[PDB]
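A short write-up of the structure that comes next.
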Amino acid sequence: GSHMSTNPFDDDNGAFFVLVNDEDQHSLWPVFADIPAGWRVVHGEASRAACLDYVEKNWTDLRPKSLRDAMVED
């Protein structure tokens with residue numbers, strides 16, 4: 001029938017990450033389900049309001065807050 005998943009978020013339980021995949025734009029992924037493939041972490045588990053704010057900010061104004069120098073490859 002229909003595979004249209006309009007509601008993937010029943011209720012917010014625990015931690016959450018800012019996860020975006022190649023076919024997505026911006027999503028908050030709850031740390032309770034498993035992360036598949038073709039994804040990208042934009043931000044880790046920090047205040048829900050802050051993550052939503054950040055992603056919505058970027059969705060409105062296309063200026064990411066430093067994508068370089070966020071993890072130390074050393």
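In the structure tokens, each chain is lettered A, B, ... as it comes, each chain's residues begin at 1, and ligands are numbered from 1 in order of appearance.
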
**Study point:** Polymer residues at most 10 Å from region 19-35 of chain A, only C-alpha atoms, same-chain spacing of 4 or more positions, as number ranges by chain
**Key:** A: 8-9, 11-15, 39-45, 48, 51-52, 54-56, 58-59

Review point. Could you write out, as a ChimeraX atom specification, all the residues of chain A that DSSP marks as strand (DSSP E or B)?
Key: /A:16-21,27-30,39-43

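Note that the spacing between CA of residue 47 (chain A) and CA of residue 64 (chain A) amounts to 17.8 Å.
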